[PDB]
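Enquirer: Please read through the structure below; I'll follow up with questions.
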Amino acid sequence: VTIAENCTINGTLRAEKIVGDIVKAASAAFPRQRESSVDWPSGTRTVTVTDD
Amino acid sequence: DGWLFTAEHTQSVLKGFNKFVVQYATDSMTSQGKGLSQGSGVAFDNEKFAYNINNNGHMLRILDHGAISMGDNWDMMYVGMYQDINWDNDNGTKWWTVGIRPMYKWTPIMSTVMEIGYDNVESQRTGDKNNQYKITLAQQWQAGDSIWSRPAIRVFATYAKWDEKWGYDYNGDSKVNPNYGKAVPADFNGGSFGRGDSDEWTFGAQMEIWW
């Protein structure tokens with residue numbers, strides 16, 4: 001669907017991907033290495049943002 | 001609160017002495033074991049957080065130590081100790097100590113001093129045993145002809161061999177570690193506690209004096 005002017009929804013809009021003037025977000029925790037009864041953060045995390 | 005009852009008998013033998021002491025401590029007098037009380041049972045960890053070191057229980061200490069002189073050339077110190085700390089949280093210990101230190105005087109100034117010591121401590125909560133024996137040989141110059149003549153300068157070589165099957169878990173802090181301050185086996189969940197099984201030899205020079 002292509003709409004050249006305003007589109008109004010009076011109910012629930014459910015889209016998978018939204019592209020425009022929005023705040024995207026992601027989050028993760030570092031891997032933890034442990035021994036006996038003590039653990040510490042040590043590892044790698046990757047965040048990929050797509051140019052769409 | 002706590003109690004400490006001590007009975008010591010000292011006998012004058014062989015130009016020296018022998019002291020046989022029996023001590024029994026209850027409760028707050030068991031954590032330190034020399035005659036001061038710590039009745040709160042709270043200690044600060046590495047990051048200054050409080051944790052429980054409760055000392056409910058008793059302590060029995062049977063000790064016999066002395067100094068003897070054989071001949072005009074031989075002197076000796078000797079030590080035998082058994083200290084059993086039995087606590088309600090099971091974090092007590094059972095410590096055996098046996099030690100000898102002979103001294104041979106070639107000249108009224110110069111002497112050779114040996115020392116052989118053995119320690120054996122069994123943990124109450126794990127049942128494991130840490131043992132060690134240490135032999136040191138020194139040549140010393142002292143201001144007198146007694147094993148107590150001080151201004152003493154020694155050149156020594158020491159060799160200590162130990163085998164430890166348990167240790168204390170002080171890693172992290174008390175909030176994140178549930179075994180903080182507790183005796184654990186040396187191979188607990190991949191950790192390494194105690195000094196392990198090894199031996200080491202040192203050497204050098206030292207001075208000791210009381211005036």
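Every chain in the structure tokens takes a letter, A first, then B, and so on in the order presented; its residues are numbered from 1, and the ligands are numbered from 1 following the presented order.
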Which residues are close to residue 201 in chain B, i.e. within 12 Å by only C-alpha atoms, leaving aside same-chain residues fewer than 6 positions away? Reply as a list in words.
Expert: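 The contact residues come out as residues 134, 135, 136, 137, 156, 157, 158, 159, 160, 161 and 162 of chain B.
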Enquirer: Selected residues, C-alpha atoms, written as a PDB file, in the first residue's frame, please.
Expert:
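Result written to out_6.pdb:
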ATOM      1  CA  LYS B 134      60.452 -26.496  58.291  1.00  0.00           C
ATOM      2  CA  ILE B 135      64.186 -26.947  58.915  1.00  0.00           C
ATOM      3  CA  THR B 136      66.432 -23.904  59.273  1.00  0.00           C
ATOM      4  CA  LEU B 137      70.180 -23.767  59.899  1.00  0.00           C
ATOM      5  CA  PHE B 156      70.476 -18.489  57.890  1.00  0.00           C
ATOM      6  CA  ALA B 157      69.141 -20.921  55.310  1.00  0.00           C
ATOM      7  CA  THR B 158      65.558 -22.173  55.694  1.00  0.00           C
ATOM      8  CA  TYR B 159      63.693 -24.974  53.898  1.00  0.00           C
ATOM      9  CA  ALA B 160      59.959 -25.512  54.395  1.00  0.00           C
ATOM     10  CA  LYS B 161      57.861 -28.256  52.800  1.00  0.00           C
ATOM     11  CA  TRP B 162      54.078 -28.115  53.049  1.00  0.00           C
TER      12      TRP B 162
END
Enquirer: Which neighbours of residue 142 in chain B fall inside 7 Å, counting only C-alpha atoms, when residues of the same chain fewer than 3 positions from it are skipped, and could you give them as number ranges by chain?
Expert: B: 109-110, 149-153
Enquirer: DSSP on the backbone: what in chain A comes out strand (DSSP E or B), as a PyMOL selection string?
Expert: chain A and resi 32-35+38-41
Enquirer: Specify as a ChimeraX atom specification all residues of chain B found within 9 Å of chain A, counting only C-alpha atoms.
Expert: /B:169,171-172,176-179,187-192
Enquirer: Could those residues be written to a file, using N, CA and C atoms, as a compact mmCIF listing (two decimals), in the first residue's frame?
Expert:
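Now in result-v1.txt:
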# COMPACT_ATOMS: atom_id res chain seq x y z
N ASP B 169 38.27 -19.06 52.04
CA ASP B 169 37.73 -18.39 50.86
C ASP B 169 37.51 -16.92 51.20
N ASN B 171 37.74 -14.57 48.59
CA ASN B 171 37.61 -13.95 47.28
C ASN B 171 36.32 -13.15 47.19
N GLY B 172 36.41 -11.97 46.57
CA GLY B 172 35.25 -11.12 46.42
C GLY B 172 34.94 -10.33 47.67
N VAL B 176 28.55 -11.04 47.77
CA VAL B 176 28.50 -11.90 46.59
C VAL B 176 29.06 -13.30 46.85
N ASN B 177 29.78 -13.50 47.95
CA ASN B 177 30.38 -14.79 48.26
C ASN B 177 29.71 -15.37 49.49
N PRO B 178 29.05 -16.53 49.39
CA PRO B 178 28.47 -17.14 50.60
C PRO B 178 29.48 -17.88 51.46
N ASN B 179 30.66 -18.21 50.92
CA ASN B 179 31.70 -18.90 51.67
C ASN B 179 32.79 -17.95 52.16
N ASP B 187 40.30 -27.75 46.32
CA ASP B 187 39.81 -27.95 44.96
C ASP B 187 38.31 -27.73 44.89
N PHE B 188 37.82 -26.67 45.53
CA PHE B 188 36.38 -26.44 45.66
C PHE B 188 35.86 -25.75 44.41
N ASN B 189 35.13 -26.49 43.58
CA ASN B 189 34.43 -25.94 42.41
C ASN B 189 35.38 -25.23 41.46
N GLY B 190 36.61 -25.73 41.36
CA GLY B 190 37.60 -25.16 40.48
C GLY B 190 38.45 -24.07 41.09
N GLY B 191 38.15 -23.65 42.32
CA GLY B 191 38.99 -22.67 42.99
C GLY B 191 40.26 -23.28 43.52
N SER B 192 41.19 -22.41 43.90
CA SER B 192 42.47 -22.81 44.47
C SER B 192 42.63 -22.12 45.82
Enquirer: One number please: CA of residue 209 in chain B to CA of residue 154 in chain B, in Å, one decimal.
Expert: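 We find that CA of residue 209 in chain B and CA of residue 154 in chain B lie 11.5 Å from each other.
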Enquirer: For the interface of range 69-95 of chain B with range 61-64 of chain B (cut-off 7 Å, counting only C-alpha atoms), please tabulate each contacting residue of range 69-95 of chain B alongside its nearest pair of atoms and their separation in Å to one decimal, rows sorted by chain and increasing number, as a tab-separated table.
Expert:
residue	atom	partner	partner_atom	distance
B:79	CA	B:64	CA	6.0
B:80	CA	B:64	CA	5.2
B:81	CA	B:63	CA	4.4
B:82	CA	B:62	CA	5.3
B:83	CA	B:61	CA	4.3
B:84	CA	B:61	CA	6.5
Enquirer: Restricting the calculation to only C-alpha atoms, which member of B:164, B:128, B:145, B:173 is positioned closest to residue 51 in chain B?
Expert: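 Smallest distance to residue 51 in chain B is found for B:173.
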Enquirer: Counting only C-alpha atoms, figure out which residue out of B:204, B:194, B:167, B:181 gets nearest to residue 46 in chain B.
Expert: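 Smallest separation from residue 46 in chain B among the options: B:181.
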